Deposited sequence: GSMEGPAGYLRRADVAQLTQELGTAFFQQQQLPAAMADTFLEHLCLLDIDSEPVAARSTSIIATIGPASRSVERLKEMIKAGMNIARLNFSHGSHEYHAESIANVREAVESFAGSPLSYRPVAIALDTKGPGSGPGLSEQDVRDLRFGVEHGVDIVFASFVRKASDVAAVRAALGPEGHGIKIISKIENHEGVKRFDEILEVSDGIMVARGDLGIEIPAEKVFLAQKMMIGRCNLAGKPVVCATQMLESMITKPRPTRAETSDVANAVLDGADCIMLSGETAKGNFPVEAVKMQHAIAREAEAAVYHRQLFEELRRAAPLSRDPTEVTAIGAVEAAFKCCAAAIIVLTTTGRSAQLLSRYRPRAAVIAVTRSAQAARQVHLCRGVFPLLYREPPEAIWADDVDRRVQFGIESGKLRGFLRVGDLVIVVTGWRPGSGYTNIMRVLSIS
């Protein structure tokens, strides 16, 4: 029964053609949904009660579009998101962090606009986790956004939105200085011929997967759901293909900001992503990611590939990793393991931000500390296991891979352990 579920007959195929031939509509997904969902907040999804339903439906990142609305309007949206998120904090083993992303208005006819400088300052003051920077055309645009965030915004992730020909052509220099990329298909589809957007999307997703940096697919993914309860055949196909392409995140704009079915749009992205993730041809994907990833003498990078290799060898249910900044979980995510990456962190901001990396399930650790560092490490690993059991990730008898470091503080991950559950 285990080998008939989650497209495992198609996963064992010797060629990609045979993998496609073996895909089965009766093979049910079992793994937790890996691709994060970004939902845009607006009049249709601003109330605390509506936000609670969206969190239950699968929303991982809340997007605030600063192209519309005042600072007062967005501050109320942030407060409502935080109230809805904290309403589930009573159960620490099941609590779900939700990131807050600020999407800038952009340069307009201008580099960094004066309104963007004020909006970025607002983001820092309100503790946003991510900035989706509009119309990034070159590396200096990213440096300007970084400078506008100031010293208090050093920890905020900058996701550069590629929306025109110049951004596509200067992609490599933009990716090098950014934390990640958004394929902003709305403007991109007006700036370049509509029939070429898929080439830009597939190229950017491939390059981000090679670099090990998050990539978001955005705009008109479930467009018809703004007025209809069910999407078109092209829309379900688009969501599935963005996941198959390698997108870390998928996004909803008008579907959740102003549409009549915001919760149903989130539920639809969740259902499609789970089916598409099981249909990923890991046999070729892992080999190519492993071959293309450069040789490294960084112990976190070395431990990450050893852990992902070990996970595939034993069909590990999960890789439990301790992380301060999210980096150790990001380096595991870049190899696209089938095993869920359960990231245990004390940083509330890192827990929200790791939603940018596919297959990372953040667990915010709020248990009392242990006096002995080694006991504190062991307790965080046990917390990951207990949360895993509660959420359905793990069962007694499963094997897990545990990734830890030799001393406290970020940057010292160097250990991988094989553990039998209970």
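Asker: For this chain, which runs of the deposited sequence have no C-alpha coordinates, given in order from the N-terminus?
Answerer: Deposited residues absent from the model fall in 1 to 24, 135.
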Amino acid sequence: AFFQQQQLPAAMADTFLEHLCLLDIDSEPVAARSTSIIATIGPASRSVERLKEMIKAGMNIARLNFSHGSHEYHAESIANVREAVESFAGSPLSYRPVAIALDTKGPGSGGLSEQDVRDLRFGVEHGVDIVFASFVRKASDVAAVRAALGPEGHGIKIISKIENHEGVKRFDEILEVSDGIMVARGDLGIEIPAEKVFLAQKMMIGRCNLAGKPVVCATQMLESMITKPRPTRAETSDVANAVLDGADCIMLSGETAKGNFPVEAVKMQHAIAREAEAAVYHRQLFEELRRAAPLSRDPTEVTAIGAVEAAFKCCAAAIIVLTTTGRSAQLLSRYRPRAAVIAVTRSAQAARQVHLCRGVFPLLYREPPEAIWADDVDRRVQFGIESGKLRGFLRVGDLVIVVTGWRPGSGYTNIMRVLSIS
From here on, numbers count along this sequence of modelled residues.
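Take the two forms, find the largest set of C-alpha atoms that superpose within 1.5 Å, and that set is the rigid core.
Asker: Would you say which of 196 to 204 and 90 to 98 moves more relative to the shown form in 9 other deposited structures of this protein, going by RMS C-alpha distance with the core superposed?
Answerer: Between 196 to 204 and 90 to 98, greater C-alpha deviation in 9 other deposited structures of this protein belongs to 90 to 98.
Asker: After fitting on the rigid core, which stretch moves more in 9 other deposited structures of this protein, 44 to 52 or 367 to 375, going by C-alpha RMS?
Answerer: Output: 367 to 375, the stretch lying farther off on average in 9 other deposited structures of this protein.
Asker: Quick check on the record: does 94 to 102 or 243 to 251 carry the larger mean Cα temperature factor?
Answerer: In the deposited entry, the stretch with the higher C-alpha B-factor mean is 94 to 102.
Asker: If you average the CA temperature factors as listed in the entry, which stretch comes out higher, 137 to 145 or 336 to 344?
Answerer: Looking at the recorded C-alpha B-factors, 137 to 145 comes out higher on average.
Asker: I'd like to know which of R118, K202, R233, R297 has the highest C-alpha temperature factor in the PDB entry.
Answerer: Highest C-alpha B-factor among the listed residues goes to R118.
Asker: Among the candidates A318, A84, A276, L331, give the one with the maximum CA B-factor reported in the record.
Answerer: Top of the list by C-alpha B-factor: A84.
Asker: If you rank the chain by CA B-factor, which third does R358 end up in: lowest, middle or highest?
Answerer: Tercile = lowest for this residue's CA B-factor.
Asker: By its CA B factor, does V418 count among the lowest, middle or highest third of the modelled residues in the chain?
Answerer: CA B-factor rank for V418: middle third.
Asker: Looking at the entry's B-factor column for C-alpha atoms only, identify whether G306 ranks in the lowest, middle or highest third of its chain.
Answerer: For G306, whose C-alpha B-factor we compare with every modelled residue in the chain, the answer is the lowest third.
Asker: For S27, does the deposited CA B-factor place it in the lowest, middle or highest third of the chain?
Answerer: Its C-alpha B-factor belongs to the middle third of this chain's values.
Asker: What third of the chain, by the recorded C-alpha B-factor, contains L188?
Answerer: For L188, the deposited C-alpha B-factor lands in the middle third.
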